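Given as structure tokens, the chain that follows is alone and in the form deposited without the named molecule.
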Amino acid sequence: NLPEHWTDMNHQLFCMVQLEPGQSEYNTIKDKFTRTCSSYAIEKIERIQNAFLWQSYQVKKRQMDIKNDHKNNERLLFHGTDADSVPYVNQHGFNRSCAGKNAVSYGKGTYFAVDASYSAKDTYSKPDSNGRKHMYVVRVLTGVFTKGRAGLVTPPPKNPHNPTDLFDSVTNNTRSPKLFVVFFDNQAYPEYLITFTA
């Protein structure tokens, strides 16, 4: 069930694949990033091939596609992180139990940005000791979403009289979304790792 464009892994479960500039795959990610980070320079873009994370994520997507019926449940978003976090995210994905309190909090979960410029802030993509910054391009199952609130440990219910039927994620603003928060494992697949510098 692994995507057929992935490199052969020789029955290995995990692989990072360096992309070539001028390939459509590299160029689409570069254009998405430079739309709002034209003042930074990309060192490299690696495709993340993680069989187990992919499998769990694709099971969740199919469940949300069945439950929501005729919705675009997936967006491509950005996530800046520190170099210390990269090994863990590459193997295990995004753990809400490890998430920082955001400067504007819409709930206790993992935060993903619409614009690379948000994730490019030193507060999220902290420069390592060689001055490299790290940002993931992430498939996120945002599904049906509402404006979040600082107290949330799960998405709120759609209906107060049915407390277990939940929104899929929350946002800062439903009309003009700039960030999404997710509260469950395997709701986000880290697809690419951008390494960049001033």
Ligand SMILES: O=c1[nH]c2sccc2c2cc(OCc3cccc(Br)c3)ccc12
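Residues that one form lacks are left out of the comparison. Only the largest set of C-alpha atoms that superpose within 1.5 Å between the two forms is called the rigid core. Numbering starts at 1 and runs along the sequence shown.
The same protein has a further form, the form solved in complex with the named molecule, not shown here; the description that follows concerns it.
Colleague: Check the shown form for clashes with the named molecule: superpose the C-alphas around the site so the partner sits as in the deposited complex, and report blocked if 3 or more ligand atoms are within 2.4 Å of backbone or C-beta atoms, open if none are.
Modeller: Blocked, since after superposition 3 or more atoms of the placed ligand lie within 2.4 Å of the backbone or C-beta atoms.
Colleague: With a 4.5 Å heavy atom cut-off, would you call residue 93 a contact of the named molecule in the deposited complex?
Modeller: No - in the deposited complex, heavy atoms of residue 93 and the named molecule never come within 4.5 Å of each other.
Colleague: In the deposited complex, does residue 73 come within 4.5 Å of the named molecule, counting heavy atoms only?
Modeller: Residue 73: no, not in contact with the named molecule in the deposited complex.
Colleague: Using 4.5 Å between non-hydrogen atoms, is residue 188 touching the named molecule in the deposited complex?
Modeller: No, no contact at 4.5 Å.
Colleague: Though only this chain appears here, would residue 113 touch the named molecule in the deposited complex if you measure heavy atom gaps against 4.5 Å?
Modeller: Yes, contact at 4.5 Å.
Colleague: So, a 4.5 angstroms cut-off on heavy atom distances: do all three of 80, 102 and 106 pass it with respect to the named molecule in the deposited complex?
Modeller: Heavy-atom distance to the named molecule in the deposited complex: all three under 4.5 Å.
Colleague: Can you tell me which residues in 159-180 come within 4.5 angstroms of the named molecule in the deposited complex, by heavy atoms?
Modeller: Just 179.
Colleague: Superposing on the core, what residue ranges of at least 3 consecutive positions move by 2 angstroms or more in Cα between the shown form and the other one?
Modeller: The run that moves is 101-104, and no other.
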